[PDB]
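Participant: I am attaching a structure below and will ask some questions about it afterwards.
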Amino acid sequence: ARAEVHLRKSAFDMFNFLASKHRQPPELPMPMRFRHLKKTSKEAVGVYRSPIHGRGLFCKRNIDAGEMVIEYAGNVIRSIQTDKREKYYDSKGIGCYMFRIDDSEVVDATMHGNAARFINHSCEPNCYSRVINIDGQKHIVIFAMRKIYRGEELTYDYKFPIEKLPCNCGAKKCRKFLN
Amino acid sequence: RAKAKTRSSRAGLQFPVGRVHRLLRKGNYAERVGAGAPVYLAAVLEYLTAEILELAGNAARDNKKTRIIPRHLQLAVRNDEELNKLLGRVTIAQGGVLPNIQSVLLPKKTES
Amino acid sequence: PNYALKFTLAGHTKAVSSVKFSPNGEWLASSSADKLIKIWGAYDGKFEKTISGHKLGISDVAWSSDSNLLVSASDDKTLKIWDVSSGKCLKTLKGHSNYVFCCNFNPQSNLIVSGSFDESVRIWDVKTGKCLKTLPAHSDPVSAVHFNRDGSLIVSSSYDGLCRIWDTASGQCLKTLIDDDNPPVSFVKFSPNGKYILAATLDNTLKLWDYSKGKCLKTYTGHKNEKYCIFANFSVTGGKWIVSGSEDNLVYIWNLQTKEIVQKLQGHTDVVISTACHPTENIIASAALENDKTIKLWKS
Amino acid sequence: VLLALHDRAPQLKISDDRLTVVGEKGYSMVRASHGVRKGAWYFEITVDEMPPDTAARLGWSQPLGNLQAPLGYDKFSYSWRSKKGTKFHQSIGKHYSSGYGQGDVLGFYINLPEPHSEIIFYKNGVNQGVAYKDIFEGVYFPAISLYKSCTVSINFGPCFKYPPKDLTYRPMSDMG
Amino acid sequence: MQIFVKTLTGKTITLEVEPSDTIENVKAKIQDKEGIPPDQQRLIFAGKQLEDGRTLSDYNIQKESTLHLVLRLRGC
Amino acid sequence: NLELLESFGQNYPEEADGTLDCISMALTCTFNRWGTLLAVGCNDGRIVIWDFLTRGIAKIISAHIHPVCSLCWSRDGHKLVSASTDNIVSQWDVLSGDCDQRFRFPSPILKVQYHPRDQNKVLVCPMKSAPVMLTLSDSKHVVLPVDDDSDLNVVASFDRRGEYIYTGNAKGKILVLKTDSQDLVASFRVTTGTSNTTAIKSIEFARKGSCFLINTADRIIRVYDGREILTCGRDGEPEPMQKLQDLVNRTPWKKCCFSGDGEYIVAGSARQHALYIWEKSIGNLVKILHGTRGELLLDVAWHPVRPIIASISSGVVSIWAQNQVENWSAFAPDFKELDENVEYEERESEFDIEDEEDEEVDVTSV
Ligand SMILES: Nc1ncnc2c1ncn2[C@@H]1O[C@H](CSCC[C@H](N)C(=O)O)[C@@H](O)[C@H]1O
Ligand SMILES: [Zn+2]
């Protein structure tokens, strides 16, 4: 089979995480819960092989509607370095993951981050976020919306103003766009 | 005539061992008292005190206060699992309870 | 640079898939895809017998330290035990779901590594015959896995530039050498000092990567390798010879200082895809792809 | 007449005197609304203490820049490096002239007689190199990308420490 | 009496002392000139231990001799 | 041999990590020189060898009918020596397993050992009589003379270098003998308790230096330095480097051995099956271990270059190493999994800055 000329080899970029067993099931004040978050966000969630698009963030512990899930943390950049880092990541053939906090700064997830990069998009979400104050340094905290069971790939809405790139996720009642 | 190495520092602890040995001779608990029991017991009492004061300090910072008032002690015991089982039938004064509302006493919305 | 052509070994109807020596340096099996392995010798092309009994086409045969255990990495998605002094298959190691491309043995005769195209590298017992562990390794079909000097490390390439180093006992990856450009790193192998790891890419650039720092600043160019998984080797009885195959009917051997063309040994009639160095002599096995079918041995 | 209220990086140590600032954790290019349009105007930048790994880019920038963006991006701003004298402007790397030291009396002069420019690095009133030429439309604000925690102090009054030799300007205490 | 104290590390050290000194004088001298902790000034007299609670003249060593110290932890 | 970039805060054993559920009825255990193999004796007189890197059972050799209760490896790792109630001076090969020596000599043996450099000199410790040193080819046997002859329980060994022969009776009197000429250069009675003497169970040594151990019977492990014995010489009176005991449970010990670097001491109970680990230098307990709570401990090993510990209880040989934690950046070193808001501004060469091999290394060396 080596004399065969199989050329599935290099049509995408360098990265992978696939072929994992992505089937687990078929189915207080603020800073104390922030401590709870930093404790239990490792054991709560998991990144595995999605059927939607590549990979996704699953869920294992049965979450009640309202608790914290994970903090979407990474490097910290300002508004200037966006186009420069985008040109570099496009030059190396790397997808660019960023998330704006507010009118001040943006948290990167490309070179340094956590296991929270890997949430796909839908238009019927079950997650959102707000702005808190852990001693001046504000943060990006994943709340919940409804009782999420085990095995579900997690989703949230991106609050996009409707303004190119098509809908390569496929939700149910989606507007066929991210914006 | 030698160095008065007290049995606290000779052991490497913080709780006194002389007071513990006095309160084991003078409690009528047995006739004769060994010389490993007050050391071992001072260590156990120290570790439990450290165990509760760690969580007390964490909650005291996390509600943005300097000192520790007993509401933090109530939260620090009753949030933990094993210390709540130890302090089973105990009421801390000025304690209060955990904030807990049942699942059916709050409304929900269906239409639109 | 005086390796002259001496012999011609043929007799296979499909392409001669691979030709790898025995680690003691006394045997050279002709695993061709036609369900025929003629047991050739190593000093003149000394035919002993033809061992068969397969199910589908043969892709690769591995060699163990006793030079007796052979395994069939046939296209039947399984691996069978083939001892030389048996004439009798013992076990069949089912458990893959796609075709098997490469397999090896440990330096101390009691491990089997495998490869499957569906991104799951399986680890296999020898005698009691069990799937030991499974590795969710790559993005690609498995190109090359390799034991180190004793059985503590496993290097692994991919088709998009993932030179990954794996642990034997704990069974997790250890180091991933990556380039920003992605030439498909077809073939990788260790060095006997445990400090260097070879690589073979589809861009006419052959590199011997350092182990720790992972670099090579004396790189080879000017050769012909852009479409296939051409095997490269190390001659052990001369000096710093770097043995490889060719696409224009040649046998590529170079020195470390050269980084040029010094010796292109003629004789074949197709793309030279499989070589091996006889570990005790100046003998280099050489067989090309389908339009040659004539294994040609070499001698100084 | 103090340091800027509007046109400052808000995280700076703009203390109660509003003349001396400690640099923040980025290219904190603080500007000032007391900047020139045309005429003859000069003040001093009485830099006092400059610790290592606290660079400073010197020039004159236009009001439509960003507070966090360093100096010398395009026609708005002209920058220059302390070490090795390597100006960077419009994405160009050119090792150009000699640098400066630590805590000198800086401050540049620009002149627009009523299209043509006087752009020279003035280090204590000394010719250090001509940076660029033929500036474009806009007001010109003093923009210095204060790199890290350094002690700089803007000078306002007529008691000039190192005034330029035989160069005429209206004093900067006559605008605010 | 200039004693020699060569340890097991090639660390020879000299003290010109009286024959009628105590152990505390030797402790003070070694702690002066090297800062060695005086809970390890054990010495050996034909195998047997030289105990650290007597005087030098209780053993009648030949004057200006050579002894050997042992690196010891006693009070940790 | 292994990975050099691995040391992300290496540890000292904590977990249970899984055992050998293959063949029970183990009786003793010992490693080779590097720490790559482990001979284990069966109950009927067999040998179990387990390889470590492959985690595979290496070789099973059936020696005799009597249970195998003493083992040792040669320096190259090719000659196993052993003795039992079979009374036989044995010698075995690792490629073949051959009966090279067979001399059924009485008073069955409790411990064997090679001289650590020459494998010609072997140790023999009888049931009653004084210990014997032998050769390989001929029957030149050297019984060491003992003034006591009343315990009929004498322990002796060779140290790390093979310089001398430390001997010990069951009255606690030590007679240091030179390894070839039997020079009685040093002697000391152990300063047991207030005055009253004790027995000596065993004596072992190190891998680096001359610190060693004394395993008495008054529940007190004592640590001496062999150069202090050399500095004393005859009529020595050594007082120990560090004393060891556990008076909470008053536990007499069964087996001791040192670390690979001579830094840590493990010792095992005879009652509770619970292992303890000590520091040599500062002198305190660092960690208690446990296991199956009601089994009887037999023999404890240690792995020299890597923190691995082998126990023996109910014929089961445990292996305890960290249950080590794996993470990211070995699959992709360009990405590192942080935890919180990490700032990236310390380098100054940003914002569009553009500025203005020859080592020949062998490939088949050692
Ligand atoms: N359903 C979908 N299919 C493809 N891309 C999607 C998508 N939903 C959102 N996106 C875009 O793609 C990114 C999703 S992150 C994709 C998950 C993970 N990185 C993986 O490789 O599997 C976001 O930047 C978003 O803008
Ligand atoms: Zn969509």
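What follows draws every value from the coordinates through simple rules; no lab data is involved. Reconstructed Cβ throughout: ideal geometry from the backbone, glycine too, with neighbour counts over all protein chains shown.
Participant: Is it the case that A:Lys147 is within 16 Å of ligand 2 (Cβ to nearest atom), more than 30 Å from C:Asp160 (Cβ to Cβ) and more than 10 Å from every other protein chain (Cβ to nearest Cβ)?
Facilitator: On the way: within 16 Å of ligand 2 (Cβ to nearest atom): no; more than 30 Å from C:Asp160 (Cβ to Cβ): yes; more than 10 Å from every other protein chain (Cβ to nearest Cβ): yes.
Spelling it out, it is not the case that A:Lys147 is within 16 Å of ligand 2 (Cβ to nearest atom), more than 30 Å from C:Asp160 (Cβ to Cβ) and more than 10 Å from every other protein chain (Cβ to nearest Cβ).
Participant: How many of the residues making up region A:1-29 are surrounded by 15 or more Cβ atoms within 10 Å (Cβ to Cβ) and either more than 14 Å from chain C (Cβ to nearest Cβ) or among the basic types (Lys, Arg) (or both)?
Facilitator: So the count comes out to 2.
Participant: Could you check region A:61-98 and list, in sequence order, the residues that are more than 9 Å from every other protein chain (Cβ to nearest Cβ), out of contact with any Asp or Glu (no Cβ under 8 Å at 6 or more places or on another chain) and surrounded by 15 or more Cβ atoms within 10 Å (Cβ to Cβ)?
Facilitator: If the condition is that a residue be more than 9 Å from every other protein chain (Cβ to nearest Cβ), out of contact with any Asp or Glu (no Cβ under 8 Å at 6 or more places or on another chain) and surrounded by 15 or more Cβ atoms within 10 Å (Cβ to Cβ), then A:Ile63, A:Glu67, A:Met68, A:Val69, A:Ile70, A:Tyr72, A:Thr82, A:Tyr89 are the ones that fit.
Participant: Which residue out of B:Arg71, B:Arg61, B:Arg78, B:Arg89 is among the charged types (D, E, K, R) and in contact with a helix residue (DSSP H, G or I) (Cβ under 6 Å, 6 or more places away or on another chain)? Talk me through it step by step, then tell me what you get.
Facilitator: Values: B:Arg71 fails: in contact with a helix residue (DSSP H, G or I) (Cβ under 6 Å, 6 or more places away or on another chain); B:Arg61 fails: in contact with a helix residue (DSSP H, G or I) (Cβ under 6 Å, 6 or more places away or on another chain); B:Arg89 fails: in contact with a helix residue (DSSP H, G or I) (Cβ under 6 Å, 6 or more places away or on another chain).
So the residue among B:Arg71, B:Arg61, B:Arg78, B:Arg89 that is among the charged types (D, E, K, R) and in contact with a helix residue (DSSP H, G or I) (Cβ under 6 Å, 6 or more places away or on another chain) is B:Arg78.
Participant: Related question: Which condition number does D:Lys84 fail, the rest of (1) within 14 Å of chain F (Cβ to nearest Cβ); (2) surrounded by 14 or more Cβ atoms within 10 Å (Cβ to Cβ) being met?
Facilitator: For D:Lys84, the exception is condition (2).
Participant: Residues of region C:41-92 being under 24 Å from C:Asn110 (Cβ atoms) and among the polar types (S, T, N, Q), which ones?
Facilitator: C:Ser59, C:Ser64, C:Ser65, C:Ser67, C:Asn68, C:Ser72, C:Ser74, C:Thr78, C:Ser85, C:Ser86, C:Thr92
Participant: Still on this model: Can you list residue pairs whose Cβ atoms sit under 8 Å apart, with the first residue in region D:145-160 being within 14 Å of chain F (Cβ to nearest Cβ) and the second being of a type in the set (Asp, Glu)? Count only pairs 6 or more apart in sequence or on different chains.
Facilitator: Between residues of region D:145-160 that are within 14 Å of chain F (Cβ to nearest Cβ) and residues that are of a type in the set (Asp, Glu), the close pairs are D:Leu146/D:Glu24; D:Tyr147/D:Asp53; D:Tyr147/F:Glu348; D:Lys148/D:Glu24; D:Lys148/D:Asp53; D:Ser149/D:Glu24; D:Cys150/D:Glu49.
Participant: Which residue is surrounded by the most Cβ atoms within 10 Å (Cβ to Cβ), if the candidates are limited to region F:272-292 and must be touching a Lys or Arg at 6+ places or on another chain (Cβ under 9 Å) and assigned to a loop (DSSP other than H, G, I, E, B)?
Facilitator: This residue is F:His273.
Participant: Go through region A:19-52 and report how many residues are part of a helix (DSSP H, G or I) and at positive phi. So that I can check it myself, show each step before the final result.
Facilitator: Here is the first cut: in region A:19-52, the ones part of a helix (DSSP H, G or I) are A:30-44.
In the following step, the residues that additionally are at positive phi were identified as none.
Count: 0.
Per-residue answers, yes or no, for (1) away from ligand 1 (no atom under 16 Å from the Cβ); (2) aromatic (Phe, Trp, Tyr); (3) surrounded by 13 or more Cβ atoms within 10 Å (Cβ to Cβ):
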| position | (1), (2), (3) |
| --- | --- |
| A:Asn120 | no, no, yes |
| A:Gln137 | yes, no, no |
| A:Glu153 | no, no, yes |
| A:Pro161 | no, no, no |
| A:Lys173 | no, no, no |
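Participant: Next question, about the same structure. Quick one: in region A:89-126, of everything that is farther than 14 Å from A:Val76 by Cα and among the β-branched types (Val, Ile, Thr), which residue is nearest to ligand 2 (Cβ to nearest atom)?
Facilitator: Looking at the filtered set, the residue picked out is A:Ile119.
Participant: For region A:150-179, give me each residue that is more than 11 Å from ligand 2 (Cβ to nearest atom) and under 25 Å from A:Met30 (Cβ atoms). Walk me through it before giving the result.
Facilitator: As a first pass, look at region A:150-179 and keep what is more than 11 Å from ligand 2 (Cβ to nearest atom): A:150-154, A:156, A:159, A:161-164.
Once the filter is applied, which keeps residues that are more than 11 Å from ligand 2 (Cβ to nearest atom) and under 25 Å from A:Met30 (Cβ atoms), region A:150-179 yields A:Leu154, A:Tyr156, A:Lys159.
Participant: Six or more apart or on different chains, Cβ under 9 Å: which pairs go from a residue in region F:318-330 that's outside any loop (DSSP other than H, G, I, E, B) to one that's loosely packed, with under 13 Cβ neighbours inside 10 Å and small (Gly, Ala, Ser)? Could you list them?
Facilitator: F:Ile319/F:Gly18
Participant: Something else: In region C:236-250, how many residues are touching a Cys at 6+ places or on another chain (Cβ under 7 Å) and at the interface with another protein chain (Cβ under 10 Å from one of its Cβ atoms)? Write out each step before concluding.
Facilitator: We begin by selecting, within region C:236-250, every residue touching a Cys at 6+ places or on another chain (Cβ under 7 Å); these are C:236, C:243.
Those still in the list that are at the interface with another protein chain (Cβ under 10 Å from one of its Cβ atoms) too: C:236.
Total meeting the criteria: 1.
Participant: Looking only at residues in region F:340-359 that are surrounded by fewer than 12 Cβ atoms within 10 Å (Cβ to Cβ) and more than 7 Å from every other protein chain (Cβ to nearest Cβ), which one is nearest to the chain's Cα centre (by Cα)? Before you say what the answer is, go through the steps one by one.
Facilitator: We begin by selecting, within region F:340-359, every residue surrounded by fewer than 12 Cβ atoms within 10 Å (Cβ to Cβ); these are F:343, F:346-347, F:349, F:354-359.
Filter once more, keeping what is more than 7 Å from every other protein chain (Cβ to nearest Cβ): F:346-347, F:349, F:358-359.
On the way: F:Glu346: 51, F:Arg347: 51, F:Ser349: 56, F:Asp358: 46, F:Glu359: 43 Å.
Ranking the qualifying residues of region F:340-359, first place goes to F:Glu359.
Participant: Can you tell me which of (1) part of a loop (DSSP other than H, G, I, E, B); (2) within 16 Å of ligand 2 (Cβ to nearest atom) is the one A:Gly56 doesn't meet?
Facilitator: Failing condition for A:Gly56: (1).
Participant: A further question on this structure: Which residue pairs have Cβ atoms closer than 7 Å, lie 6 or more positions apart in sequence or on different chains, and pair a first residue in region F:2-23 that is more than 13 Å from F:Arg306 (Cα to Cα) and within 12 Å of another protein chain (Cβ to nearest Cβ) with a second residue that is of a type outside the set (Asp, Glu) and part of a loop (DSSP other than H, G, I, E, B)?
Facilitator: Cβ pairs passing all conditions: F:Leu5/C:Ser212; F:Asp17/F:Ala321; F:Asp17/F:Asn323.
Participant: Could you tell me which numbered condition B:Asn28 fails, if it satisfies all but one of (1) within 14 Å of another protein chain (Cβ to nearest Cβ); (2) more than 26 Å from A:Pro29 (Cα to Cα); (3) loosely packed, with under 15 Cβ neighbours inside 10 Å?
Facilitator: It is condition (1) that B:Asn28 fails.
Participant: Hey, can you tell me all the residues within region D:91-149 that are of a type in the set (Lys, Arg), assigned to a loop (DSSP other than H, G, I, E, B) and surrounded by fewer than 18 Cβ atoms within 10 Å (Cβ to Cβ)? Give the derivation first.
Facilitator: Here is the first cut: in region D:91-149, the ones of a type in the set (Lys, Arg) are D:94, D:123, D:133, D:148.
Imposing the further condition that a residue be assigned to a loop (DSSP other than H, G, I, E, B) reduces the set to D:123, D:133, D:148.
D:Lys133, the sole residue that qualifies.
Participant: Restricting attention to strands (runs of 3 or more DSSP E) lying wholly within region F:75-140, give those where 1 or more residues are closer than 22 Å to F:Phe205 by Cα and in contact with a strand residue (DSSP E or B) (Cβ under 6 Å, 6 or more places away or on another chain).
Facilitator: Working: elements: F:79-84, F:90-93, F:111-114, F:122-125, F:132-134.
Answer list for region F:75-140: F:79-84, F:111-114, F:122-125, F:132-134.
Participant: If you take the residues in region F:188-231 that are surrounded by fewer than 19 Cβ atoms within 10 Å (Cβ to Cβ) and outside any loop (DSSP other than H, G, I, E, B), which one is farthest from the other protein chains (Cβ to nearest Cβ)? Full working, then the answer.
Facilitator: Initial filter on region F:188-231 (surrounded by fewer than 19 Cβ atoms within 10 Å (Cβ to Cβ)): F:189, F:191-199, F:202, F:204, F:207-209, F:217-219, F:223, F:227, F:230.
Then drop every residue that is not outside any loop (DSSP other than H, G, I, E, B), which leaves F:189, F:202, F:204, F:223, F:227, F:230.
On the way: F:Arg189: 12, F:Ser202: 24, F:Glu204: 22, F:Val223: 11, F:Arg227: 5, F:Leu230: 8 Å.
Across region F:188-231, the extreme among qualifying residues is F:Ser202.
Participant: Ok, one more. Being in contact with a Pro (Cβ under 9 Å, 6 or more places away or on another chain) and within 17 Å of F:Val94 (Cβ to Cβ) is the requirement here; does F:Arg46 meet it? If you could, list the steps in order and put the result at the bottom.
Facilitator: Numbers: in contact with a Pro (Cβ under 9 Å, 6 or more places away or on another chain): no; within 17 Å of F:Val94 (Cβ to Cβ): yes.
Taking the combined requirement at face value, the residue does not satisfy it.
Participant: May I ask you to list pairs of residues, at least six apart or on different chains, whose Cβ atoms are under 7 Å apart, with the first in region A:162-175 being within 14 Å of chain B (Cβ to nearest Cβ) and the second being among the charged types (D, E, K, R) and more than 8 Å from ligand 1 (Cβ to nearest atom)?
Facilitator: Note: no pairs meet the criteria.
Participant: So, one more: Considering only residues that are under 16 Å from C:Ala199 (Cα atoms) and either among the hydroxyl-bearing types (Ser, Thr, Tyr) or surrounded by 23 or more Cβ atoms within 10 Å (Cβ to Cβ) (or both), which ones fall in region C:145-165?
Facilitator: Across region C:145-165, the qualifying residues are C:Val145, C:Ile154, C:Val155, C:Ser156, C:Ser157, C:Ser158, C:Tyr159, C:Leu162, C:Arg164.
Participant: Considering each of A:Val141, A:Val131 in turn, give the residue that is away from ligand 1 (no atom under 12 Å from the Cβ), within 15 Å of the chain's Cα centre (by Cα), among the β-branched types (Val, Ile, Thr) and under 30 Å from B:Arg61 (Cβ atoms). Step through it out loud before you land on a result.
Facilitator: Values: A:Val131 fails: within 15 Å of the chain's Cα centre (by Cα).
Being away from ligand 1 (no atom under 12 Å from the Cβ), within 15 Å of the chain's Cα centre (by Cα), among the β-branched types (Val, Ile, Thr) and under 30 Å from B:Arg61 (Cβ atoms) holds for just one of A:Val141, A:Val131, which is A:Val141.
Participant: Moving on to the next point. For region F:232-242, which positions are outside any loop (DSSP other than H, G, I, E, B) and more than 8 Å from every other protein chain (Cβ to nearest Cβ)? Give the steps one after another, and end with the answer.
Facilitator: Our first condition is that a residue be outside any loop (DSSP other than H, G, I, E, B); within region F:232-242, this holds for F:232, F:242.
Correct list: empty.
Participant: Another question, then. Condition first: surrounded by 21 or more Cβ atoms within 10 Å (Cβ to Cβ), more than 15 Å from the chain's Cα centre (by Cα), within 14 Å of another protein chain (Cβ to nearest Cβ) and small (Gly, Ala, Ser). Can you find one or more residues in region C:6-18 that meet it?
Facilitator: Start the filter on region C:6-18 by keeping residues that are surrounded by 21 or more Cβ atoms within 10 Å (Cβ to Cβ), which leaves C:9, C:12, C:15-18.
Okay, now just the ones that are also more than 15 Å from the chain's Cα centre (by Cα), so C:9, C:12, C:15.
This time we only want the ones that are within 14 Å of another protein chain (Cβ to nearest Cβ), so: C:12, C:15.
Among the residues that remain, those that are also small (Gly, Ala, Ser) are: C:15.
Within region C:6-18 (the criterion being surrounded by 21 or more Cβ atoms within 10 Å (Cβ to Cβ), more than 15 Å from the chain's Cα centre (by Cα), within 14 Å of another protein chain (Cβ to nearest Cβ) and small (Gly, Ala, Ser)), the answer is yes, since at least one residue qualifies.
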